[PDB]
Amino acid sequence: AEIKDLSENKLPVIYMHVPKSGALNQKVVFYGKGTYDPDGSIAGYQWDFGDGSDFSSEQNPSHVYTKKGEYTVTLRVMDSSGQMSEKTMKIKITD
């Protein structure tokens, strides 16, 4: 069998569940569950909560937003070949 080039790698497919709404000062949970690599495995997650907080490396992070507003959440995922996909969602924080 010939060695297959890295350019043939299939990228990770992101499943990202961010609720449309959350409440000020209350824990919300986001889910990356189901994210998969069609020809390998998932090697890492990176969530940006959109509020200046440290990013999370968790699959399914909890977070508290401490001001009302709309936040863009970005999830980047790396597969077992070191290659990446990204998705975004918006959450609106109200009282």
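Note that residue numbering follows the sequence shown and begins at 1.
Taking the deposited Cα B-factors for 35, 26, 62, 46, the highest one is held by 26.
For residue 21, the recorded CA temperature factor ranks within the highest third of the chain's modelled residues. Among the modelled residues of the chain, residue 91 sits in the middle third by CA temperature factor in this PDB entry. Sort the modelled residues of the chain by CA B factor and residue 54 lands in the highest third.
Ranked by Cα temperature factor within the chain, residue 78 sits in the middle third according to the deposited record.
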